[PDB]
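**Student:** Let me give you the structure first, and then I'll get to my questions.
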Amino acid sequence: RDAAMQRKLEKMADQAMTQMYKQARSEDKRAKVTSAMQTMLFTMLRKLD
Amino acid sequence: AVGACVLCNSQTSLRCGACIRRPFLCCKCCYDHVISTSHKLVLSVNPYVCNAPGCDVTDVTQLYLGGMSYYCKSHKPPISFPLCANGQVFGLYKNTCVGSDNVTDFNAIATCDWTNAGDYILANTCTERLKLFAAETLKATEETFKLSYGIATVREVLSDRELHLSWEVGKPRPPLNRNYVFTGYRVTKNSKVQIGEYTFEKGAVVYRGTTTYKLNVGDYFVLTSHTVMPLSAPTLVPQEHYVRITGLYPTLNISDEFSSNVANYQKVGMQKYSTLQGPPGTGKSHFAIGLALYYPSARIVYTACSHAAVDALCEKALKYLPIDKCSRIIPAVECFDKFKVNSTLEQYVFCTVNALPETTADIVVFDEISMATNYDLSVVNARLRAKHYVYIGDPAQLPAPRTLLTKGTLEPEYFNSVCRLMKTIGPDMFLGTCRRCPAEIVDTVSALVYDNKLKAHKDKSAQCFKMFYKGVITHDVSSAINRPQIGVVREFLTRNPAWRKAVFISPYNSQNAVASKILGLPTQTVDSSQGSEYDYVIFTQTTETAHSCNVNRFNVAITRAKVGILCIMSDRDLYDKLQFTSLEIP
Amino acid sequence: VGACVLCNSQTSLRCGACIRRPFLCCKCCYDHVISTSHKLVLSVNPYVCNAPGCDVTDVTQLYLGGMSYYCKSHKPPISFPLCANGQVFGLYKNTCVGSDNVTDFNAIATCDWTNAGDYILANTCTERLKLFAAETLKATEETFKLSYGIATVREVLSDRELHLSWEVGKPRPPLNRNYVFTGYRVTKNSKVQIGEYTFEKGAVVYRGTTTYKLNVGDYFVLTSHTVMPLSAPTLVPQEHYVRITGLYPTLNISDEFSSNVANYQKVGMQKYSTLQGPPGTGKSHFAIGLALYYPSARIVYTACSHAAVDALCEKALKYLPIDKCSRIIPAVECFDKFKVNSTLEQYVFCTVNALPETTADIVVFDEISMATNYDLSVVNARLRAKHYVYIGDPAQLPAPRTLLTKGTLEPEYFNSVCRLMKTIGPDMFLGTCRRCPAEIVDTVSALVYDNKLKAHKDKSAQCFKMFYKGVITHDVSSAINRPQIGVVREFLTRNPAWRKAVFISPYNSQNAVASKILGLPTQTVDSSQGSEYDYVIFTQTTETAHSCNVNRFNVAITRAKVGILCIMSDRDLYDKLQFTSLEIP
Amino acid sequence: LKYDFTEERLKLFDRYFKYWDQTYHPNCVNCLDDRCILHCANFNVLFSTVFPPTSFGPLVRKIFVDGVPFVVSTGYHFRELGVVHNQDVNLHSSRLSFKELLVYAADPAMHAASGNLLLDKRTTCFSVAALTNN
RNA sequence: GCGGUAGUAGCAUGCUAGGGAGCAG
RNA sequence: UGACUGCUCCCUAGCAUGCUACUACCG
Ligand SMILES: [Zn+2]
Ligand SMILES: [Zn+2]
Ligand SMILES: [Zn+2]
Ligand SMILES: [Zn+2]
Ligand SMILES: [Zn+2]
C-alpha cells in the first residue's frame, strides 16, 4: 500500500480540490448577481419621478 | 474569494486567519508564514477547523483532511490526510507556489504589535505589499485601539461649553484634545441617530462642538470608527524623467511674482514625481498656484491631509484662478465652501485624501507629506493615475501622532517611502523664498536641519525672544501643568501691554485651559499649527521631554512669527543654539 | 472540418499557435507540431486540460481522459496520450499522407517576416503555402498597424493643421499616405463617423479626402478589417489553345494601335499573358485596343486602385459606348462616370477591393508589380474567365513591405507570375514610346530593359544631369537636406521657366519644407506612375537602399515628356545616365 | 387611493344576506379554519364585483433603505380574501441582504412604478404598465 | 489437505451523479 | 425568450455492496 492505498488519496485529494474549485466559482457568481440585482434596483428607482 | 498572494503573486485561495488584515497567501508561502508565528489558523473557501460537531481544535497542522471535512486526530476518520504537510499547505493552486526564502520580513510585520520605533523601521524598510499591509495594519489596530475606551455619556448638563460626563466600565480613558475627535450619536427608545463631532477637554467637561447643537440627558459619545478596506496602487510609481516636456503645454507669458517657481516647474513636466523641499511659508502654498497659471491647461491634483490643509491650497484658489474651474468634493465636514461641490470632471480639483473619487488627471500636487504616511501616500495614485506628480510640504515639518509607538519616536527621515528619498536621493525641488520670517529665525532653523539653506528675508528687528528658564511641572491625566513658567508668562507679558496682542503657544493645551483664564489669550495647538500664524506668539514649552523639545516638533511653533515670537526655553535641548535677545528673569 | 494543406485529406485539426490556423492532417499535423513552438492544436474543441483551472496547453503534454483531455497532473488512471503513434489524435486518423519535408511549411509558419529570405520563402514555396504566406503577411501587418497610438486630435487650431497626440507606450506610425487612417467619432457611449485621414509634417498637416471639420477629443487609428482566407490559385495552370476558337475575329481594326493587334491574336489562343509594359508604352492604351478588336468580350479590367484602374477608365467612354462600362465602388471617391453597381456588364472595371464573383471573358490586370500573390489569386477567385492578361511590369514598382527589414527583395520575385517573365520570358511587349523621347528611354533600356525600347523622338536636351553631394540629417520617419534643397531653387532660378514643374522627392516632408520655399507641387515617388509632366524637378535627397536602388525612382526619372531634373548626388547609377552636365553654383 | 372597502362589504352583507346566521369575516385573515375561509371568500367573490378594479393587487409603500426611497409591496388586496398586511415590514434599513434583494427584485412594485402607463386596446384584461418603450 | 486476510483482473446487480433524447398532462 | 410534473430509453463516471477466478502471507 506504500503504493496502493495512498494512491487512493491521490483520488480523494483530487476530488476535494475539484469540489472546492467549484464552490469558489459558485461564490463568485453569487457576488456578481448581487451587484447586478442591486444596480438594477438603484437604476430603476432614479426614474421614479 | 481567490486572488494573488502577497509574497508570491501567484493565484491562491488561503487567508491567514489569526493575522489581522488576512492577506492572500500562497500555499508554500502560506506555510512559510505559518511555521514561524502563532498565526496558525488559515481560512480557505471554508475555515480550516475541525467541523466534528462541537470541537475545539483550530491550529492548521493540527488537522487532517476527512473527505468533505477537516478533523483533528480526535475526530479524523480512518482515511485521513494531513492538511499541512509536504512543506506546502493544502489549498487551491497547490502547484503554482514560489515562496520567499526569508519571509520573516512578512512574519515580522504580521507579528508586529506596533510598540517600538523598530515597528515603523519595519513598516518602511520593508518591501512593498508589505508596505501596504503595514500601513493598513497600523490603521486597523488603531481604530481598534480607540474603541477600547468608555462610552462618553453626558449624563447631566449644567451650562454651555461644559458637560457632566462619565464613561463605560473597565476601560482607560481617551486623551485630552482634538486629534481624537469623537462623533457621538443619540438614541430614542430603540436605536442610534444623530449628535455630531465633539471632543472633551479640561473643564466640568469642555466640549468644542464644530456644529451648533444643545445636548440632553443620557447623551453619549465614542470615537465612531469605519472599515479600513485594502489599498491598491503603490505609494509612488516607479518614476522616471522624460526626454522632453512633451504632451505638456509651454506657455508664452509668466508672472514673476513667482520667479522662484518657473524654473522649478519646467523639468517637472520632464519627470513623473518631484517632492519639494518646502520650508514653512516659503511660498509653498504659493508654489502650486504658480504652475496653475503657467500650465492653465492642467487638470492638476491638489490634495492635502485636510480641507484644513488643502484649505491653504484653496486659500488663493479663486483669487488666482477663474471661479468655476475649481471644485472640491466634501462628503456627506464644514470647511471651505467657495467652490462648486460634487464635480470631479473639473479643471482644478482640490480635495483631501478623504473623498476625491477615482479618475485620471494631469499633475499631482500633494500638501502634507510629513504627517501623512504610506497609507494615504498610495491613496492619491490609487485615486488617480496622472500625467506627473508633485508632493508639497516637507518631512522638515511634522510627523503623525503615533498612537501605538511607545519606545523612542521614529526619525524625521523615515516618515514615509518618499520621505527617505529627499534624504537618500536629495531634494527634488527647493524654495527659499522666505516671505514670512526675517533674518531673526530662518537661518537659525537652517543651521538646525536645513542645510544652511534658507537665506535671510529681511532685517532682524530683535522681536523673537530668548528666555533662559527652568520652571516646575507636575502631572495629571494626559497633560502637564506648570505655572512657574505660566507665572513667567504674564511676568513676560506685563512690562509692555503691547506684548499681549499675541496667540499663546503651548504643548499641553490644557496648560492654556489654565492660561486662558489668566490672560484671555487665544490658544495655539503645537502640531496642527503650520499654515496659521501671527507675527506675535507667546510660547511656554512647559516641558523638555522627548514629547517636547525634540528637533522638529515645536520647530513649527518657533517659525510662527513674522517678526516677534517668544521662547521661554526651559530646555537645554536646543537652547545651546538659538541666537536671540536674552534678558534677566524677574 | 476540411482538407489539410500539406495533405488535402479531410481533417479536423487547426494549429492553434499558428497565425492563420490552416486545416492540418493527423500525421501532417504531427509533422508540423514536432519542429516548432506551434504546440497547441484545436479540434472541434481545443486540446487543453479541462480540469477546472489548469495551465497546461502543449499538445503532447496531454492524455485522453474519456470525455476530456488532461495533463498528467490531472489524468485519470485510464488515460491515452493524444499525441503519439507518429499521428496526433483527431478525426480521419486513417487518411493521413504527410510530406517528408514539411520544414517548408514550418518555415512559413515560423516565419516572422523580417528578412528578404522571408519572401524568398513566400514565393519559392509551393502553393497552399503561397496563399498561407500572402495571407500571413497581410494578417501580421494589419496586426502591425494597430500596435500604435490612438491619434487624438485634442486641440484644433487652424485648417490643414491639428493639435494631435496618441496613446501610451506605442511607437508612432510613419509620415505619409500608404498608411491612411480612417478615424471615427464618439458621442457619450460609442463610435460613429469621421473619415479617411493621414498626418504629415506640419502642427499636424492632415489631408482629408472628404470635407469635414474636426472638434475636441477627435481620434484616429488605422481601422482594420478581417482578412479571410483565399481560394483560387494565383494563376491557373494555363496553356495555349490550338485555334482562337470561341473568340470573335473582327474584320475592321484601328491602326492607331498597330502595335496591338498582333499582340491580341494569340491571347485568344492562350489562357494568360503578362505583358512587358514599360511606363507609358500604350499599356493603358493596349487593353482599350482589344476592347474594339473584340467588342464582344466581357473583359475584366482590374488594378490595385480606382487610382490605377482610374487609368484604365481614363479612355473608357472616350473609346467605348457609355452604358457598356461599369465599376463597383463599395459603400471611396474616385472616377464615377459609369453606372455603378452592375456586375452583369459588358465591360466591368474595378479594383481588387470589391468586384463581385462571376465568370467573364478575358482578364486585364493593371498593377502587377506592386500587388502580390494575395490579390493575384483574387481576380481568379473573383472570376473564372475565358483567358487572362496582366498589364504592367515588375519593371515598375513593388509594394511597401512593412515588415521586410534586411535587404529589399528582387524585382524578379515580386509574385508568382513576376518570375515568369524572368524565367519564361515576356509574353507580350510594347515599345510604343508615346511619352518620353530619345532622352531617357534607352538609358532605361540599358538599365534593365533588354536594350529593348527604341527612341520616340529627338533628344531636346531637357532631362538634366547634376553631379552633387548634399548634406542630410534625419528625424522621425523622413530625411531633410537643404544643401540640395538650396540647389533646388539654385537650379530653379536662372530661368523662371524652370519652375513650371512638379517637385519630385522621396522624403515628401522634404517637400513639406520645399513647398514653403517654392510653391511647387509635390510628387510621391512610388504612387507616381500614370501621373506626369514634361517638367519635373527631382531632389533624390538620399543615396541609400531606400533611395537610389535600381527600379524605384526609375518611375520618377521617366516622368518627363522631355525635361526632367536629376540632382544625382548618388554614385549608384550616375555612372550611367547620359544627360546634360553643368557646373554646380 | 381607497383600498379598504371593509365597511362596504359589511353593509352589503347586511343589506342582502341579513339572516344568514354565520359569521362573515370580510378579511379572511380573521377566519378560524379552512372551511371558514371558503365560506367568507365565497361572499368576497360576490361583493368584489362592485368595487373598482384598480383597488386590487399589491399595496405599495415608500420605504427608506440606505437613505434612499424605495416603493415596495407591504400587503395585498385579494378579491377573495380581502386586505392582507405584511407583518415584517421595516422602513429605514441600512443595507439589503441577498434574500431582501431577491424579494425586492421579484415584486412588481418597483417595476410597474417605474414604467410607462399602458393602454392596450387589443385585450380587455386590465393592463398595468409597459416596462419598455416599444 | 483446509481456513483466513490481503491483492489484482473478469463479471453482475443496485445506487448516486453527469449528459443526450422521447412521450404524456 | 424555453414552465411545472410524471414516466422511459441510451451513454459515461463514481462508490459501496454482491458474485467468480488468479496470486501472496499467516494460522
Ligand atoms: Zn498572519
Ligand atoms: Zn477536532
Ligand atoms: Zn502552425
Ligand atoms: Zn492540466
Ligand atoms: Zn371566516
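Here, A, B, ... name the chains of the C-alpha cells in the order displayed, residue numbers run from 1 inside each chain, and ligands are numbered from 1 in the same displayed order.
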Which residues are close to residue 293 of chain B, i.e. within 10 Å by only C-alpha atoms (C1' of nucleotides), leaving aside same-chain residues fewer than 3 positions away? Reply as a VMD selection string.

**Tutor:** chain B and resid 251 253 to 255 288 to 290 296 to 298 320 to 321

**Student:** Set the distance at 12 Å and use only C-alpha atoms (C1' of nucleotides): which residues neighbour residue 22 of chain F once local chain neighbours fewer than 6 positions away are removed? I'd like the list as number ranges by chain.

**Tutor:** E: 7-10

**Student:** Restrict the selected residues to N, CA and C atoms (P, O5', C5', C4', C3', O3' and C1' of nucleotides) and save them as a PDB file, in the first residue's frame.

**Tutor:**
ATOM      1  P     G E   7      -5.903  -4.529   0.518  1.00  0.00           P
ATOM      2  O5'   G E   7      -5.087  -4.592  -0.838  1.00  0.00           O
ATOM      3  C5'   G E   7      -5.620  -5.279  -1.948  1.00  0.00           C
ATOM      4  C4'   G E   7      -4.535  -5.858  -2.807  1.00  0.00           C
ATOM      5  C3'   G E   7      -4.863  -5.921  -4.284  1.00  0.00           C
ATOM      6  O3'   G E   7      -4.666  -4.687  -4.945  1.00  0.00           O
ATOM      7  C1'   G E   7      -4.102  -8.021  -3.595  1.00  0.00           C
ATOM      8  P     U E   8      -5.909  -3.961  -5.655  1.00  0.00           P
ATOM      9  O5'   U E   8      -5.875  -4.546  -7.133  1.00  0.00           O
ATOM     10  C5'   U E   8      -4.642  -4.640  -7.828  1.00  0.00           C
ATOM     11  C4'   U E   8      -4.643  -5.760  -8.834  1.00  0.00           C
ATOM     12  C3'   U E   8      -5.851  -5.840  -9.739  1.00  0.00           C
ATOM     13  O3'   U E   8      -5.845  -4.879 -10.774  1.00  0.00           O
ATOM     14  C1'   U E   8      -5.357  -7.986  -8.941  1.00  0.00           C
ATOM     15  P     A E   9      -7.217  -4.164 -11.198  1.00  0.00           P
ATOM     16  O5'   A E   9      -7.859  -5.169 -12.250  1.00  0.00           O
ATOM     17  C5'   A E   9      -7.146  -5.531 -13.419  1.00  0.00           C
ATOM     18  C4'   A E   9      -7.570  -6.880 -13.932  1.00  0.00           C
ATOM     19  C3'   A E   9      -9.034  -7.027 -14.288  1.00  0.00           C
ATOM     20  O3'   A E   9      -9.357  -6.460 -15.541  1.00  0.00           O
ATOM     21  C1'   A E   9      -8.353  -8.891 -13.038  1.00  0.00           C
ATOM     22  P     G E  10     -10.789  -5.774 -15.762  1.00  0.00           P
ATOM     23  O5'   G E  10     -11.755  -7.001 -16.052  1.00  0.00           O
ATOM     24  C5'   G E  10     -11.381  -8.010 -16.975  1.00  0.00           C
ATOM     25  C4'   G E  10     -12.238  -9.232 -16.811  1.00  0.00           C
ATOM     26  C3'   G E  10     -13.721  -8.966 -16.651  1.00  0.00           C
ATOM     27  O3'   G E  10     -14.361  -8.729 -17.889  1.00  0.00           O
ATOM     28  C1'   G E  10     -13.027 -10.524 -15.025  1.00  0.00           C
TER      29        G E  10
END

**Student:** Counting only C-alpha atoms (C1' of nucleotides) and all ligand atoms, which protein, DNA or RNA residues come within 12 Å of ligand 1, given as an NGL selection string?

**Tutor:** :B and (6-7 or 14-25 or 29-43 or 103-112 or 130 or 133-134 or 137)

**Student:** Please write out the residues within 9 Å of ligand 2 as a PyMOL selection string, counting only C-alpha atoms (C1' of nucleotides) and all ligand atoms.

**Tutor:** chain B and resi 49-58+62-63+70-76

**Student:** Can you spit out the residues from that selection as a PDB file, in the first residue's frame, using N, CA, C and O atoms?

**Tutor:**
ATOM      1  N   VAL B  49     -10.936  24.307  10.241  1.00  0.00           N
ATOM      2  CA  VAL B  49     -11.167  23.949  11.637  1.00  0.00           C
ATOM      3  C   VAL B  49     -11.980  22.664  11.674  1.00  0.00           C
ATOM      4  O   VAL B  49     -12.766  22.380  10.765  1.00  0.00           O
ATOM      5  N   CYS B  50     -11.796  21.890  12.743  1.00  0.00           N
ATOM      6  CA  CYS B  50     -12.425  20.581  12.834  1.00  0.00           C
ATOM      7  C   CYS B  50     -13.930  20.740  12.944  1.00  0.00           C
ATOM      8  O   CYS B  50     -14.438  21.211  13.964  1.00  0.00           O
ATOM      9  N   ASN B  51     -14.641  20.357  11.895  1.00  0.00           N
ATOM     10  CA  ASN B  51     -16.084  20.507  11.886  1.00  0.00           C
ATOM     11  C   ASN B  51     -16.804  19.289  12.441  1.00  0.00           C
ATOM     12  O   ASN B  51     -17.989  19.104  12.151  1.00  0.00           O
ATOM     13  N   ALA B  52     -16.123  18.455  13.216  1.00  0.00           N
ATOM     14  CA  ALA B  52     -16.829  17.488  14.043  1.00  0.00           C
ATOM     15  C   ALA B  52     -17.701  18.252  15.032  1.00  0.00           C
ATOM     16  O   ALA B  52     -17.217  19.194  15.671  1.00  0.00           O
ATOM     17  N   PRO B  53     -18.974  17.889  15.180  1.00  0.00           N
ATOM     18  CA  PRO B  53     -19.909  18.732  15.936  1.00  0.00           C
ATOM     19  C   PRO B  53     -19.402  19.077  17.329  1.00  0.00           C
ATOM     20  O   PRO B  53     -19.239  18.209  18.188  1.00  0.00           O
ATOM     21  N   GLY B  54     -19.143  20.362  17.542  1.00  0.00           N
ATOM     22  CA  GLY B  54     -18.700  20.841  18.837  1.00  0.00           C
ATOM     23  C   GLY B  54     -17.293  20.440  19.216  1.00  0.00           C
ATOM     24  O   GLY B  54     -17.103  19.734  20.213  1.00  0.00           O
ATOM     25  N   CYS B  55     -16.297  20.870  18.450  1.00  0.00           N
ATOM     26  CA  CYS B  55     -14.907  20.656  18.813  1.00  0.00           C
ATOM     27  C   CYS B  55     -14.242  21.974  19.171  1.00  0.00           C
ATOM     28  O   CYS B  55     -14.874  23.032  19.214  1.00  0.00           O
ATOM     29  N   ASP B  56     -12.943  21.886  19.433  1.00  0.00           N
ATOM     30  CA  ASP B  56     -12.172  22.997  19.958  1.00  0.00           C
ATOM     31  C   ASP B  56     -10.920  23.301  19.153  1.00  0.00           C
ATOM     32  O   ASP B  56     -10.412  24.425  19.224  1.00  0.00           O
ATOM     33  N   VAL B  57     -10.435  22.352  18.369  1.00  0.00           N
ATOM     34  CA  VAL B  57      -9.121  22.456  17.748  1.00  0.00           C
ATOM     35  C   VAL B  57      -9.197  23.415  16.565  1.00  0.00           C
ATOM     36  O   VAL B  57     -10.145  23.372  15.772  1.00  0.00           O
ATOM     37  N   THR B  58      -8.196  24.294  16.444  1.00  0.00           N
ATOM     38  CA  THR B  58      -8.190  25.302  15.387  1.00  0.00           C
ATOM     39  C   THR B  58      -6.822  25.606  14.790  1.00  0.00           C
ATOM     40  O   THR B  58      -6.752  26.428  13.869  1.00  0.00           O
ATOM     41  N   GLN B  62      -2.687  20.869  13.006  1.00  0.00           N
ATOM     42  CA  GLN B  62      -3.409  20.068  13.971  1.00  0.00           C
ATOM     43  C   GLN B  62      -4.563  19.300  13.338  1.00  0.00           C
ATOM     44  O   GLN B  62      -5.264  18.567  14.041  1.00  0.00           O
ATOM     45  N   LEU B  63      -4.765  19.443  12.025  1.00  0.00           N
ATOM     46  CA  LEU B  63      -5.931  18.910  11.332  1.00  0.00           C
ATOM     47  C   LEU B  63      -5.541  18.042  10.141  1.00  0.00           C
ATOM     48  O   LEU B  63      -4.472  18.219   9.553  1.00  0.00           O
ATOM     49  N   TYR B  70     -12.676  18.662   7.615  1.00  0.00           N
ATOM     50  CA  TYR B  70     -11.354  18.735   8.211  1.00  0.00           C
ATOM     51  C   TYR B  70     -11.514  18.365   9.671  1.00  0.00           C
ATOM     52  O   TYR B  70     -12.414  18.882  10.337  1.00  0.00           O
ATOM     53  N   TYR B  71     -10.668  17.476  10.169  1.00  0.00           N
ATOM     54  CA  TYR B  71     -10.857  16.958  11.511  1.00  0.00           C
ATOM     55  C   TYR B  71      -9.550  17.006  12.268  1.00  0.00           C
ATOM     56  O   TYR B  71      -8.478  17.060  11.669  1.00  0.00           O
ATOM     57  N   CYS B  72      -9.651  17.016  13.585  1.00  0.00           N
ATOM     58  CA  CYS B  72      -8.499  16.700  14.399  1.00  0.00           C
ATOM     59  C   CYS B  72      -8.298  15.190  14.452  1.00  0.00           C
ATOM     60  O   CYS B  72      -9.142  14.397  14.022  1.00  0.00           O
ATOM     61  N   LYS B  73      -7.153  14.802  15.005  1.00  0.00           N
ATOM     62  CA  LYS B  73      -6.875  13.394  15.246  1.00  0.00           C
ATOM     63  C   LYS B  73      -7.927  12.773  16.153  1.00  0.00           C
ATOM     64  O   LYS B  73      -8.281  11.600  15.995  1.00  0.00           O
ATOM     65  N   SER B  74      -8.469  13.555  17.078  1.00  0.00           N
ATOM     66  CA  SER B  74      -9.522  13.082  17.967  1.00  0.00           C
ATOM     67  C   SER B  74     -10.816  12.897  17.264  1.00  0.00           C
ATOM     68  O   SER B  74     -11.793  12.433  17.860  1.00  0.00           O
ATOM     69  N   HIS B  75     -10.846  13.260  15.988  1.00  0.00           N
ATOM     70  CA  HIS B  75     -12.054  13.134  15.194  1.00  0.00           C
ATOM     71  C   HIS B  75     -11.811  12.500  13.835  1.00  0.00           C
ATOM     72  O   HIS B  75     -12.776  12.060  13.203  1.00  0.00           O
ATOM     73  N   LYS B  76     -10.569  12.429  13.372  1.00  0.00           N
ATOM     74  CA  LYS B  76     -10.297  12.061  11.997  1.00  0.00           C
ATOM     75  C   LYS B  76     -10.810  10.663  11.706  1.00  0.00           C
ATOM     76  O   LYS B  76     -10.690   9.750  12.523  1.00  0.00           O
TER      77      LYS B  76
END

**Student:** Neighbouring residues of ligand 4 are defined here as those with any atom at most 6 Å from a ligand atom, counting only C-alpha atoms (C1' of nucleotides) and all ligand atoms; list them as number ranges by chain.

**Tutor:** C: 49, 51, 54-56, 70-71, 73-74

**Student:** Could you pull out the helix (DSSP H, G or I) residues of chain D, going by DSSP on the backbone, and write them as a PyMOL selection string?

**Tutor:** chain D and resi 6-16+28-30+34-47+53-55+98-105+108-113

**Student:** Which residues form the shell of 6 Å around ligand 3 when you count only C-alpha atoms (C1' of nucleotides) and all ligand atoms, given as a list in words?

**Tutor:**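 The neighbouring residues of ligand 3 are, in order, residues 15, 17, 18, 38 and 109 of chain C.
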
**Student:** Would you mind listing the residues within 6 Å of ligand 5, counting only C-alpha atoms (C1' of nucleotides) and all ligand atoms, as a PyMOL selection string?

**Tutor:** chain D and resi 24-25+28+31+36-37+40

**Student:** Go ahead and save the residues from that selection, with C-alpha atoms, as a PDB file, in the first residue's frame.

**Tutor:**
ATOM      1  CA  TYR D  24     -68.809  36.768   7.895  1.00  0.00           C
ATOM      2  CA  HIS D  25     -65.239  37.990   8.124  1.00  0.00           C
ATOM      3  CA  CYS D  28     -60.204  36.252   5.682  1.00  0.00           C
ATOM      4  CA  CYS D  31     -61.123  33.218   9.708  1.00  0.00           C
ATOM      5  CA  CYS D  36     -64.477  29.401   7.358  1.00  0.00           C
ATOM      6  CA  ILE D  37     -62.052  30.663   4.720  1.00  0.00           C
ATOM      7  CA  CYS D  40     -66.143  34.007   3.693  1.00  0.00           C
TER       8      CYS D  40
END

**Student:** If you count only C-alpha atoms (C1' of nucleotides), which residues fall within 12 Å of residue 10 of chain A, apart from same-chain ones fewer than 6 positions away, as a list in words?

**Tutor:**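 Near neighbours after the sequence-gap exclusion: residues 3, 4, 16 and 17 of chain A; 80 and 81 of chain B; 73, 74, 75, 76 and 77 of chain C.
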
**Student:** Could you pull out the strand (DSSP E or B) residues of segment 19-121 of chain C from DSSP and send them as a PyMOL selection string?

**Tutor:** chain C and resi 23-24+41-42+46+62-64+69-71+81+83-84+87-88+115

**Student:** Take the residues that were just selected and, keeping C-alpha atoms, output them as a compact mmCIF listing (two decimals), in the first residue's frame.

**Tutor:**
# COMPACT_ATOMS: atom_id res chain seq x y z
CA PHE C 23 -6.50 22.65 -41.51
CA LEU C 24 -3.82 20.10 -40.73
CA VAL C 41 -3.89 22.30 -31.73
CA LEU C 42 -7.64 22.84 -31.88
CA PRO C 46 -9.33 22.88 -28.11
CA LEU C 62 -1.93 15.87 -22.66
CA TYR C 63 -3.67 12.48 -22.49
CA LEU C 64 -7.21 11.46 -23.46
CA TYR C 69 -8.17 15.95 -22.22
CA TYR C 70 -5.92 16.17 -19.19
CA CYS C 71 -2.36 16.70 -18.19
CA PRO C 81 -1.78 10.11 -24.79
CA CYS C 83 -0.03 12.90 -29.47
CA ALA C 84 1.54 9.50 -30.11
CA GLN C 87 -0.02 10.60 -35.55
CA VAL C 88 -1.94 13.15 -33.46
CA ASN C 115 14.40 39.40 -43.96

**Student:** What's the 10 Å shell around segment 12-15 of chain A, counting only C-alpha atoms (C1' of nucleotides), without same-chain residues fewer than 2 positions away, as a PyMOL selection string?

**Tutor:** (chain A and resi 6-10+17-21) or (chain B and resi 65-68+79-81+83+90) or (chain C and resi 73-74)

**Student:** Restricting the output to C-alpha atoms, write the selected residues as an mmCIF file, in the first residue's frame.

**Tutor:**
data_model
loop_
_atom_site.group_PDB
_atom_site.id
_atom_site.type_symbol
_atom_site.label_atom_id
_atom_site.label_comp_id
_atom_site.auth_asym_id
_atom_site.auth_seq_id
_atom_site.Cartn_x
_atom_site.Cartn_y
_atom_site.Cartn_z
ATOM 1 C CA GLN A 6 -2.389 6.011 -0.763
ATOM 2 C CA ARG A 7 -2.976 6.118 -4.472
ATOM 3 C CA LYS A 8 -6.426 6.213 -3.193
ATOM 4 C CA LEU A 9 -5.813 9.542 -1.554
ATOM 5 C CA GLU A 10 -4.425 10.931 -4.820
ATOM 6 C CA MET A 17 -9.776 20.138 -4.595
ATOM 7 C CA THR A 18 -12.161 19.921 -7.545
ATOM 8 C CA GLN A 19 -15.175 20.387 -5.298
ATOM 9 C CA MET A 20 -13.778 23.476 -3.635
ATOM 10 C CA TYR A 21 -12.785 24.874 -7.027
ATOM 11 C CA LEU B 65 -8.469 16.062 5.551
ATOM 12 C CA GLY B 66 -11.507 13.920 6.291
ATOM 13 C CA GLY B 67 -13.242 13.744 2.923
ATOM 14 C CA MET B 68 -15.816 16.545 2.897
ATOM 15 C CA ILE B 79 -8.993 7.548 5.978
ATOM 16 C CA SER B 80 -7.334 10.905 6.630
ATOM 17 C CA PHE B 81 -4.718 13.102 5.011
ATOM 18 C CA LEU B 83 -3.695 19.258 5.561
ATOM 19 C CA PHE B 90 -3.373 22.216 1.194
ATOM 20 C CA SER C 73 -1.211 16.183 -13.163
ATOM 21 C CA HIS C 74 -4.853 15.613 -13.883
#

**Student:** Tell me, as a PyMOL selection string, which residues lie within 10 Å of residue 104 of chain D, counting only C-alpha atoms (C1' of nucleotides); anything in the same chain fewer than 2 positions away does not count.

**Tutor:** (chain A and resi 37-38+41) or (chain D and resi 70-73+96+98-102+106-111)

**Student:** Name the residues in contact with segment 12-17 of chain E at a cut-off of 12 Å, using only C-alpha atoms (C1' of nucleotides), excluding same-chain residues fewer than 2 positions from it; report them as an NGL selection string.

**Tutor:** (:E and (10 or 19)) or (:F and (12-20))

**Student:** Where does chain B meet chain C within 12 Å, residue by residue, with the nearest atom pair and distance in Å to one decimal for each, counting only C-alpha atoms, listed by chain and rising number, as JSON lines?

**Tutor:**
{"residue": "B:11", "atom": "CA", "partner": "C:53", "partner_atom": "CA", "distance": 10.7}
{"residue": "B:12", "atom": "CA", "partner": "C:53", "partner_atom": "CA", "distance": 11.8}
{"residue": "B:92", "atom": "CA", "partner": "C:53", "partner_atom": "CA", "distance": 9.5}
{"residue": "B:93", "atom": "CA", "partner": "C:53", "partner_atom": "CA", "distance": 8.4}
{"residue": "B:94", "atom": "CA", "partner": "C:54", "partner_atom": "CA", "distance": 11.0}
{"residue": "B:95", "atom": "CA", "partner": "C:73", "partner_atom": "CA", "distance": 9.5}
{"residue": "B:96", "atom": "CA", "partner": "C:55", "partner_atom": "CA", "distance": 9.7}
{"residue": "B:246", "atom": "CA", "partner": "C:165", "partner_atom": "CA", "distance": 9.7}
{"residue": "B:247", "atom": "CA", "partner": "C:165", "partner_atom": "CA", "distance": 7.4}
{"residue": "B:248", "atom": "CA", "partner": "C:165", "partner_atom": "CA", "distance": 10.8}
{"residue": "B:249", "atom": "CA", "partner": "C:163", "partner_atom": "CA", "distance": 11.3}
{"residue": "B:297", "atom": "CA", "partner": "C:155", "partner_atom": "CA", "distance": 11.3}
{"residue": "B:387", "atom": "CA", "partner": "C:168", "partner_atom": "CA", "distance": 11.1}

**Student:** Find the spatial neighbours of residue 29 of chain D, counting only C-alpha atoms (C1' of nucleotides), within a cut-off of 9 Å - ignore same-chain residues fewer than 5 positions away - and output them as a list in words.

**Tutor:**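 Answer for this query is residues 37, 81, 82, 83 and 84 of chain D.
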
**Student:** Selected residues, C-alpha atoms, written as a PDB file, in the first residue's frame, please.

**Tutor:**
ATOM      1  CA  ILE D  37     -62.052  30.663   4.720  1.00  0.00           C
ATOM      2  CA  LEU D  81     -59.518  37.237   0.742  1.00  0.00           C
ATOM      3  CA  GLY D  82     -59.836  40.960   1.364  1.00  0.00           C
ATOM      4  CA  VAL D  83     -56.985  43.064   2.696  1.00  0.00           C
ATOM      5  CA  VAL D  84     -53.837  41.342   3.948  1.00  0.00           C
TER       6      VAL D  84
END

**Student:** In Å to one decimal, how far is atom CA of residue 261 of chain C from atom CA of residue 293 of chain C?

**Tutor:** 7.6 Å

**Student:** Using only C-alpha atoms, which residue out of B:268, B:392, B:405, B:505 lies closest to residue 305 of chain B?

**Tutor:**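 Checking each candidate against residue 305 of chain B, we get B:392 as the closest.
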